[PDB]
>>> print(open('final-v7.cif').read())   # mmCIF, C-alpha atoms
data_my_file
#
loop_
_atom_site.label_atom_id
_atom_site.label_comp_id
_atom_site.auth_asym_id
_atom_site.auth_seq_id
_atom_site.Cartn_x
_atom_site.Cartn_y
_atom_site.Cartn_z
CA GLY J 8 6.52 15.72 58.36
CA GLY J 9 4.36 13.68 60.52
CA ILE J 10 6.89 10.91 60.98
CA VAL J 11 10.25 12.39 59.92
CA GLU J 12 9.67 15.56 61.94
CA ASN J 13 8.54 13.55 64.99
CA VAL J 14 11.76 11.56 64.83
CA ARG J 15 13.92 14.67 64.33
CA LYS J 16 12.20 16.38 67.30
CA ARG J 17 13.19 13.67 69.82
CA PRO J 18 16.01 11.64 68.15
CA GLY J 19 17.18 9.76 71.26
CA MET J 20 13.67 8.23 71.70
CA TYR J 21 14.23 6.45 68.41
CA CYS J 22 17.95 5.71 68.14
CA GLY J 23 18.69 5.32 71.88
CA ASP J 24 20.68 8.52 72.36
CA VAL J 25 22.52 11.14 70.28
CA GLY J 26 26.02 10.02 71.26
CA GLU J 27 28.15 7.15 69.96
CA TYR J 28 25.51 4.41 70.64
CA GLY J 29 22.73 6.17 68.66
CA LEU J 30 25.14 7.06 65.88
CA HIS J 31 26.04 3.39 65.41
CA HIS J 32 22.36 2.41 65.66
CA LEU J 33 21.66 4.30 62.47
CA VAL J 34 23.88 1.77 60.73
CA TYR J 35 22.47 -1.21 62.67
CA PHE J 36 18.94 -0.20 61.54
CA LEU J 37 20.12 -0.49 57.88
CA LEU J 38 21.78 -3.88 58.50
CA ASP J 39 18.53 -5.06 60.17
CA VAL J 40 16.62 -4.18 56.95
CA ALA J 41 19.03 -6.39 54.95
CA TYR J 42 18.70 -9.16 57.56
CA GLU J 43 14.91 -9.24 57.24
CA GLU J 44 15.16 -9.55 53.45
CA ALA J 45 17.79 -12.31 53.82
CA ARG J 46 15.67 -14.06 56.50
CA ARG J 47 12.80 -14.23 53.94
CA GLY J 48 15.04 -15.56 51.19
CA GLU J 49 14.90 -12.23 49.31
CA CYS J 50 18.50 -10.98 49.54
CA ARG J 51 21.71 -12.75 48.57
CA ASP J 52 24.28 -9.90 48.90
CA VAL J 53 24.78 -7.00 51.34
CA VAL J 54 27.62 -4.44 51.12
CA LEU J 55 28.33 -1.92 53.89
CA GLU J 56 30.67 0.92 53.03
CA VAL J 57 32.18 3.54 55.34
CA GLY J 58 33.79 6.58 53.74
CA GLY J 59 36.33 9.05 55.12
CA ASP J 60 33.65 11.76 55.11
CA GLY J 61 31.60 10.07 57.87
CA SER J 62 28.98 8.85 55.40
CA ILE J 63 27.64 5.28 55.35
CA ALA J 64 26.27 3.31 52.42
CA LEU J 65 24.48 -0.04 52.39
CA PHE J 66 23.71 -1.90 49.15
CA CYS J 67 21.49 -4.99 48.92
CA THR J 68 20.65 -7.20 45.92
CA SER J 69 17.03 -8.17 45.52
CA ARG J 70 14.47 -9.75 43.21
CA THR J 71 11.56 -7.75 44.65
CA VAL J 72 12.53 -4.18 45.66
CA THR J 73 10.75 -1.31 43.90
CA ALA J 74 11.23 2.44 43.73
CA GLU J 75 7.62 3.00 44.84
CA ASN J 76 8.35 0.81 47.90
CA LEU J 77 11.38 3.01 48.79
CA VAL J 78 9.58 6.34 48.30
CA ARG J 79 6.74 5.18 50.59
CA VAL J 80 8.98 3.80 53.36
CA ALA J 81 11.16 6.93 53.17
CA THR J 82 8.28 9.04 54.59
CA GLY J 83 7.23 6.54 57.23
CA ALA J 84 5.02 3.97 55.56
CA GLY J 85 4.90 0.75 57.61
CA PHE J 86 6.84 2.30 60.50
CA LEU J 87 6.01 0.73 63.89
CA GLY J 88 3.54 -1.69 62.19
CA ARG J 89 1.37 1.01 60.63
CA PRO J 90 -0.08 -0.21 58.36
CA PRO J 91 0.74 -3.92 58.32
CA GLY J 92 2.28 -4.89 54.96
CA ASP J 93 5.42 -5.98 53.08
CA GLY J 94 8.42 -4.49 51.34
CA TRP J 95 12.08 -3.59 51.57
CA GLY J 96 12.41 -1.79 54.96
CA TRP J 97 8.68 -2.20 55.71
CA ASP J 98 8.17 -2.31 59.49
CA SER J 99 11.86 -1.49 59.97
CA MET J 100 13.67 1.45 61.54
CA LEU J 101 14.84 2.61 58.10
CA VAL J 102 12.91 5.89 58.34
CA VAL J 103 14.85 6.74 61.55
CA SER J 104 18.22 6.46 59.79
CA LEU J 105 16.90 8.59 56.94
CA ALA J 106 15.10 11.09 59.21
CA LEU J 107 18.29 11.65 61.25
CA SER J 108 20.55 12.32 58.26
CA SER J 109 21.43 15.83 56.97
CA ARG J 110 21.43 14.30 53.50
CA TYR J 111 20.89 11.01 51.78
CA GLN J 112 20.74 9.34 48.39
CA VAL J 113 18.80 6.22 47.60
CA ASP J 114 19.31 4.31 44.30
CA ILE J 115 17.04 1.53 43.12
CA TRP J 116 17.96 -0.67 40.13
CA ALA J 117 15.23 -2.78 38.45
CA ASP J 118 14.29 -3.79 34.86
CA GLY J 119 17.49 -2.51 33.31
CA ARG J 120 16.77 0.93 34.74
CA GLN J 121 17.76 2.97 37.81
CA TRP J 122 15.81 5.45 39.92
CA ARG J 123 17.30 7.91 42.44
CA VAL J 124 15.69 9.71 45.44
CA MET J 125 17.64 12.53 47.15
CA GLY J 126 17.07 13.45 50.79
CA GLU J 127 17.82 16.65 52.75
CA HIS J 128 17.29 17.16 56.53
CA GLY J 129 15.54 13.84 56.73
CA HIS J 130 13.02 14.33 53.91
CA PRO J 131 12.87 12.99 50.37
CA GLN J 132 13.14 15.64 47.69
CA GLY J 133 9.98 14.95 45.65
CA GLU J 134 9.65 11.42 44.32
CA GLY J 135 13.15 11.21 42.74
CA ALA J 136 14.31 11.00 39.09
CA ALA J 137 15.68 8.47 36.59
CA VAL J 138 19.42 7.85 36.32
CA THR J 139 20.16 7.63 32.59
CA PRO J 140 22.21 5.92 31.51
CA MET J 141 22.06 3.33 34.33
CA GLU J 142 25.19 3.32 36.50
CA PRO J 143 26.82 0.03 37.50
CA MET J 144 25.28 -1.97 40.36
CA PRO J 145 27.76 -2.56 43.23
CA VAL J 146 26.88 -6.28 42.95
CA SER J 147 25.16 -7.28 39.72
CA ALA J 148 21.69 -8.76 40.17
CA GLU J 149 18.09 -8.61 38.90
CA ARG J 150 17.38 -5.74 41.29
CA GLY J 151 19.13 -3.84 44.06
CA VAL J 152 18.92 -0.88 46.37
CA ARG J 153 21.61 1.41 47.84
CA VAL J 154 20.97 3.78 50.74
CA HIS J 155 23.80 6.31 51.29
CA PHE J 156 23.48 8.81 54.15
CA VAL J 157 25.30 11.25 56.41
CA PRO J 158 24.28 11.36 60.08
CA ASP J 159 23.10 14.90 60.79
CA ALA J 160 25.96 16.88 62.38
CA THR J 161 23.45 19.23 64.08
CA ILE J 162 21.93 16.26 65.94
CA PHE J 163 24.72 13.87 66.84
CA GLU J 164 27.44 14.61 69.38
CA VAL J 165 30.04 12.36 67.75
CA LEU J 166 30.30 11.51 64.07
CA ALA J 167 33.11 8.98 63.84
CA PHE J 168 32.18 5.32 63.23
CA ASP J 169 34.10 2.52 64.94
CA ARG J 170 35.06 0.43 61.85
CA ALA J 171 35.89 -2.60 64.00
CA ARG J 172 32.46 -2.84 65.61
CA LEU J 173 30.70 -2.34 62.24
CA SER J 174 32.83 -5.18 60.71
CA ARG J 175 31.96 -7.40 63.67
CA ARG J 176 28.22 -6.76 63.12
CA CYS J 177 28.65 -7.69 59.46
CA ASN J 178 30.39 -10.95 60.45
CA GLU J 179 27.47 -11.77 62.80
CA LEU J 180 24.93 -11.03 60.07
CA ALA J 181 26.67 -13.54 57.73
CA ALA J 182 26.48 -16.15 60.54
CA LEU J 183 22.85 -15.42 61.43
CA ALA J 184 21.68 -15.59 57.82
CA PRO J 185 23.73 -18.58 56.58
CA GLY J 186 24.61 -18.29 52.91
CA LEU J 187 24.11 -14.51 52.84
CA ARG J 188 27.20 -12.74 51.34
CA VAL J 189 28.02 -9.74 53.51
CA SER J 190 30.88 -7.33 52.75
CA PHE J 191 32.42 -4.46 54.65
CA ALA J 192 34.27 -1.90 52.47
CA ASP J 193 36.78 0.29 54.26
CA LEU J 194 37.35 2.75 51.39
CA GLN J 195 40.20 4.54 53.17
CA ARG J 196 42.28 1.38 53.65
CA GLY J 197 41.61 0.09 50.13
CA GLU J 198 40.27 -2.95 52.01
CA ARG J 199 37.03 -5.03 51.58
CA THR J 200 36.14 -8.07 53.73
CA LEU J 201 33.61 -10.64 52.47
CA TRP J 202 31.94 -13.05 54.86
CA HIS J 203 30.03 -16.03 53.55
CA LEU J 204 29.24 -18.57 56.28
CA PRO J 205 27.07 -21.30 54.70
CA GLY J 206 27.50 -23.28 57.92
CA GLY J 207 25.87 -20.48 59.92
CA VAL J 208 26.31 -20.19 63.67
CA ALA J 209 28.16 -23.55 63.63
CA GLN J 210 30.80 -22.11 61.35
CA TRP J 211 30.86 -19.02 63.61
CA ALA J 212 31.30 -21.08 66.79
CA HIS J 213 34.37 -22.73 65.24
CA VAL J 214 35.75 -19.27 64.49
CA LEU J 215 35.12 -18.06 68.05
CA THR J 216 36.97 -21.07 69.47
CA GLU J 217 39.71 -21.56 66.82
CA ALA J 218 42.51 -20.49 69.25
CA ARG J 219 41.22 -22.65 72.11
CA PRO J 220 41.73 -26.37 72.65
CA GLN J 221 38.59 -27.88 71.09
CA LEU J 222 37.36 -31.16 72.65
CA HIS J 223 35.73 -32.20 69.38
CA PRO J 224 36.50 -31.21 65.76
CA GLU J 225 32.98 -30.14 64.74
CA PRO J 226 30.40 -28.15 66.70
CA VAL J 227 27.16 -29.80 67.72
CA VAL J 228 24.50 -28.19 65.50
CA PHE J 229 20.71 -28.03 65.13
CA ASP J 230 18.54 -26.21 62.62
CA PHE J 231 14.77 -26.70 62.64
CA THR J 232 11.44 -24.88 62.33
CA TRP J 233 8.53 -24.84 64.79
CA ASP J 234 5.31 -22.99 64.16
CA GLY J 235 6.96 -20.78 61.50
CA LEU J 236 10.00 -20.05 63.70
CA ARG J 237 13.51 -21.16 62.77
CA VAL J 238 15.80 -22.25 65.57
CA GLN J 239 19.54 -22.56 64.84
CA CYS J 240 21.96 -23.67 67.49
CA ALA J 241 25.69 -24.51 67.79
CA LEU J 242 27.64 -25.87 70.78
CA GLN J 243 31.41 -26.21 71.06
CA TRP J 244 33.37 -27.40 74.09
CA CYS J 245 37.03 -26.58 74.61
CA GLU J 246 39.31 -27.42 77.52
CA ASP J 247 39.31 -24.11 79.38
CA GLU J 248 37.35 -22.34 82.09
CA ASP J 249 35.55 -19.65 80.10
CA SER J 250 31.92 -19.97 79.02
CA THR J 251 30.23 -18.09 76.17
CA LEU J 252 26.47 -18.05 75.52
CA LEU J 253 25.24 -15.78 72.69
CA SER J 254 21.51 -15.71 71.90
CA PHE J 255 19.56 -13.81 69.23
CA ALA J 256 15.98 -13.25 68.09
CA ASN J 257 15.92 -12.06 64.50
CA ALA J 258 19.66 -11.38 64.65
CA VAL J 259 19.37 -8.92 67.53
CA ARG J 260 20.96 -10.11 70.72
CA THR J 261 18.92 -11.18 73.72
CA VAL J 262 21.52 -10.54 76.43
CA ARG J 263 19.28 -12.15 79.11
CA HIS J 264 18.38 -15.13 76.94
CA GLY J 265 14.89 -16.55 77.49
CA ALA J 266 12.73 -19.28 76.03
CA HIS J 267 14.92 -20.13 73.00
CA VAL J 268 17.97 -20.63 75.22
CA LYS J 269 16.12 -22.42 78.04
CA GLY J 270 14.71 -24.93 75.56
CA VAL J 271 18.28 -25.83 74.60
CA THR J 272 19.83 -25.95 78.04
CA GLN J 273 16.91 -27.94 79.47
CA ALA J 274 17.20 -30.42 76.60
CA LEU J 275 20.97 -30.84 77.16
CA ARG J 276 20.88 -31.03 80.98
CA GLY J 277 18.09 -33.58 80.52
CA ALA J 278 19.97 -35.68 77.97
CA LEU J 279 22.93 -35.83 80.35
CA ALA J 280 20.72 -36.70 83.34
CA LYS J 281 19.23 -39.65 81.47
CA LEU J 282 22.53 -40.95 80.05
CA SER J 283 24.17 -40.96 83.49
CA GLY J 284 20.96 -42.32 85.05
CA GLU J 285 20.92 -39.25 87.28
CA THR J 286 18.68 -36.20 87.74
CA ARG J 287 18.82 -32.73 86.08
CA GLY J 288 20.04 -31.24 89.38
CA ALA J 289 23.17 -33.39 89.05
CA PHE J 290 24.00 -31.34 85.96
CA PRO J 291 23.68 -27.65 86.81
CA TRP J 292 24.18 -25.38 83.81
CA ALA J 293 27.22 -23.68 85.35
CA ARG J 294 29.01 -27.06 85.32
CA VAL J 295 27.74 -28.30 81.95
CA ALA J 296 28.77 -24.95 80.37
CA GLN J 297 32.42 -24.95 81.52
CA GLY J 298 34.48 -24.49 78.36
CA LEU J 299 31.28 -24.21 76.28
CA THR J 300 30.83 -21.68 73.49
CA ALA J 301 27.12 -21.90 72.60
CA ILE J 302 25.03 -19.84 70.18
CA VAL J 303 21.21 -19.97 69.98
CA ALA J 304 19.34 -17.91 67.33
CA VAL J 305 15.58 -17.88 66.72
CA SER J 306 14.05 -16.05 63.81
CA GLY J 307 10.54 -15.53 62.39
CA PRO J 308 7.94 -12.86 61.54
CA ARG J 309 8.74 -9.68 63.60
CA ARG J 310 5.21 -9.72 65.06
CA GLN J 311 5.82 -13.22 66.50
CA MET J 312 8.92 -12.11 68.47
CA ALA J 313 7.68 -11.51 72.03
CA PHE J 314 9.79 -10.42 74.97
CA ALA J 315 9.33 -10.37 78.75
CA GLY J 316 9.43 -6.56 78.74
CA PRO J 317 10.38 -3.34 76.91
CA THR J 318 14.17 -3.82 77.09
CA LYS J 319 13.75 -6.81 74.67
CA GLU J 320 16.60 -8.52 76.49
CA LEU J 321 14.66 -11.70 77.34
CA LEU J 322 12.62 -13.69 74.82
CA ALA J 323 9.23 -15.01 75.99
CA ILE J 324 7.27 -16.87 73.28
CA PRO J 325 4.62 -19.17 74.79
CA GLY J 326 5.27 -22.85 73.97
CA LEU J 327 8.71 -22.17 72.41
CA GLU J 328 10.81 -23.50 75.29
CA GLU J 329 8.94 -26.81 75.46
CA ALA J 330 8.82 -27.15 71.65
CA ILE J 331 12.63 -26.79 71.50
CA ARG J 332 13.19 -29.09 74.49
CA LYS J 333 10.99 -31.80 72.96
CA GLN J 334 12.73 -31.51 69.60
CA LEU J 335 16.27 -31.46 70.95
CA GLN J 336 16.32 -33.72 74.01
CA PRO J 337 16.08 -37.04 72.08
CA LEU J 338 18.53 -35.74 69.44
CA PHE J 339 21.04 -34.85 72.16
CA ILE J 340 20.60 -38.35 73.75
CA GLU J 341 21.36 -40.20 70.50
CA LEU J 342 24.02 -37.73 69.37
CA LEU J 343 25.91 -37.82 72.64
CA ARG J 344 26.17 -41.64 72.76
CA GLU J 345 29.23 -41.82 70.51
CA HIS J 346 30.29 -38.15 70.78
CA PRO J 347 33.87 -37.44 71.95
CA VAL J 348 32.77 -34.98 74.67
CA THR J 349 30.14 -37.01 76.58
CA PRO J 350 32.28 -39.07 79.03
CA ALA J 351 33.93 -35.81 80.14
CA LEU J 352 30.53 -34.11 80.60
CA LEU J 353 29.09 -37.22 82.25
CA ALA J 354 32.03 -37.10 84.67
CA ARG J 355 31.00 -33.54 85.66
CA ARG J 356 28.04 -34.56 87.86
#
>>> encode(input="final-v7.cif", output="structure tokens")
Amino acid sequence: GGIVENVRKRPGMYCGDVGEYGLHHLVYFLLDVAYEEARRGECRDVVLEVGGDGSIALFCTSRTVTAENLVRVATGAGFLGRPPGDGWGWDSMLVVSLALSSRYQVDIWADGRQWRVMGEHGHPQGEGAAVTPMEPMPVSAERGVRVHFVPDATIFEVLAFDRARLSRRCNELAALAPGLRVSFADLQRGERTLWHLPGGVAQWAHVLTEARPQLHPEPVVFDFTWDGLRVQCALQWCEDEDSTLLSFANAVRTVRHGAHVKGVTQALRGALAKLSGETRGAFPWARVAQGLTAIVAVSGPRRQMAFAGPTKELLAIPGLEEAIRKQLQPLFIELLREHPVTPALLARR
């Protein structure tokens, strides 16, 4: 109606397609909402639940969420930056997941009380009603919000979720928002997995390499902020041929990397060049990266995330690459002096 009806009219323009990719995107949009709250230090717990009936529920704890916030965002408030503002799911793709459901239920707990908004065919039914008495919060906290929905069977071509890929996205979210508790509840299996990775992408890099021969017992790690932007990085060398480079901007992957990654690789190639008394060309990235599992994640206000084009596959934030290189190059130099891996890398020229 305005926004919900616009989304329902051309669903693939908003969720990518109406096959298996777009179906899974409805869930990823919810997880992205929880990420943005966690990124801002406003969410400590996230639970994703898949039922046998093809429904999906996400619960998040909070100290700030309100029912008025949810009712507004449910009809499109804040969607695509309009208007600029703040709130749970504000400037998110939440309204797409809701618009493209045949039914939904949203519960908001706050102040010892609970409010519930029902949805049908993408639209909230009125402004909701109290739940009295209050039903138990999935994870007890000052406040919380649950969004439960069923992808609309008249819209989507397939309705079955791949549990494995949803669990993997949850694992990534725990890594990208270190300290965030993220759970995946497979109700059918009577199974629930909890990830809590206080070591972040460093802890994740260890995981990704645990069955490989690691050349050092702890990943090389950095975590710093530049101009409001947090940069987190982990590097782990093993003695094999394969190379892995995963990069993210606000916890969405940048499959063609960009300024965040180039800052790091330029800093490392440059640290090696200096240590060996050689030139950067002596250390091409293809050589340096042999046996490397590296992860580079930048995060910050959504408006500050700028890409080279509409695919959003390549990050391009002016000044970021040089800011990272300047921060990391001297740290890599000192760090690598007495690091187990350096002679081997130095011998790669």
>>> resolve_selection(input="final-v7.cif", expression="the PyMOL selection byres ((chain J and resi 186) around 10)", output="NGL selection string")
:J and (45 or 51-52 or 181-185 or 187-189 or 202-207)
>>> resolve_selection(input="final-v7.cif", expression="the PyMOL selection byres ((chain J and resi 95-103) around 8)", output="PyMOL selection string")
chain J and resi 11+14+21-22+33+36-37+39-40+44+72+76-77+80-89+91-94+104-107
>>> closest_residue(input="final-v7.cif", among="J:32, J:263, J:79, J:356", to="residue J:291", atoms="only C-alpha atoms")
J:356
>>> resolve_selection(input="final-v7.cif", expression="the PyMOL selection byres ((chain J and resi 171) around 12)", output="list in words")
residues 31, 57, 167, 168, 169, 170, 172, 173, 174, 175, 176, 177, 178, 191, 192, 193 and 200 of chain J
>>> residues_near_point(input="final-v7.cif", point="(27.9, -31.8, 78.4)", cutoff="12 Å", atoms="all atoms listed in the file", output="ChimeraX atom specification")
/J:222-223,227,242-245,271-280,282-283,287,289-301,339-340,342-344,346-356
>>> residues_around(input="final-v7.cif", residues="residue J:70", least_positions_apart="3", cutoff="8 Å", atoms="all atoms listed in the file", output="PyMOL selection string")
chain J and resi 49-50+148-151
>>> closest_residue(input="final-v7.cif", among="J:232, J:195, J:250, J:139", to="residue J:61", atoms="all atoms listed in the file")
J:195
>>> atom_distance(input="final-v7.cif", atom1="atom CA of residue J:258", atom2="atom CA of residue J:235")
16.1 Å
>>> closest_residue(input="final-v7.cif", among="J:213, J:130, J:307, J:71", to="residue J:12", atoms="only C-alpha atoms")
J:130
>>> atom_distance(input="final-v7.cif", atom1="atom CA of residue J:113", atom2="atom CA of residue J:30")
19.4 Å
>>> atom_distance(input="final-v7.cif", atom1="atom CA of residue J:35", atom2="atom CA of residue J:228")
27.2 Å
